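Only one structure is covered here, and it is reproduced in the block below.
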Amino acid sequence: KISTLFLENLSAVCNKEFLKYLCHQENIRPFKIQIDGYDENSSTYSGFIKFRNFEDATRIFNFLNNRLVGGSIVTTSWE
């Protein structure tokens with residue numbers, strides 16, 4: 001069942017390339033990695049990763065949830 005992890009408070013270095021690398025390191029093929037928002041107030045990005053199933057999403061959620069990257073704590077939500 002499709003599982004989407006929404007992400008915000010992403011520093012500049014917590015970028016699409018980094019997220020793609022994390023998925024590759026876990027042998028996970030997401031349907032989509034999309035960083036499509038920028039918040040001027042906090043100078044951070046937002047977006048989502050859409051996974052094929054909850055099992056894949058779980059592993060990346062565990063890595064990212066409340067992780068400090070580039071000065072900002074990655075903030076997540078399930079859908």
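So basically every Cβ, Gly included, is an ideal-geometry build from the backbone, and we count neighbours across all protein chains shown. Read the figures in this text as sums done on the coordinates, not as results from a lab.
Can you name every residue in segment 23-44 that is among the hydrophobic types (A, V, I, L, M, F, W, C) and out of contact with any helix residue (DSSP H, G or I) (no Cβ under 9 Å at 6 or more places or on another chain)?
Initially, segment 23-44 is screened for residues among the hydrophobic types (A, V, I, L, M, F, W, C), giving 23, 28, 31, 33, 35.
Listed by number, the list holds a single entry, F31.
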- prompt: Give me the pairs: first residue in segment 57-79 and exposed (fewer than 13 other Cβ atoms within 10 Å of the Cβ), second residue outside any helix (DSSP H, G or I) and of a type in the set (F, W, Y), beta-carbon distance under 7 Å, and six or more apart or on different chains, which are they?
  reply: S77/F6; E79/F6
message: Can you confirm whether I49 is of a type in the set (A, V, I, L, M), in contact with a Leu (Cβ under 9 Å, 6 or more places away or on another chain), in contact (Cβ under 8 Å) with a residue 40 or more places away in the chain and surrounded by 11 or more Cβ atoms within 10 Å (Cβ to Cβ)?
response: yes
- line: Of the residues in segment 32-46, those that are surrounded by fewer than 14 Cβ atoms within 10 Å (Cβ to Cβ) and either hydrophobic (A, V, I, L, M, F, W, C) or farther than 18 Å from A12 by Cβ (or both) number 1
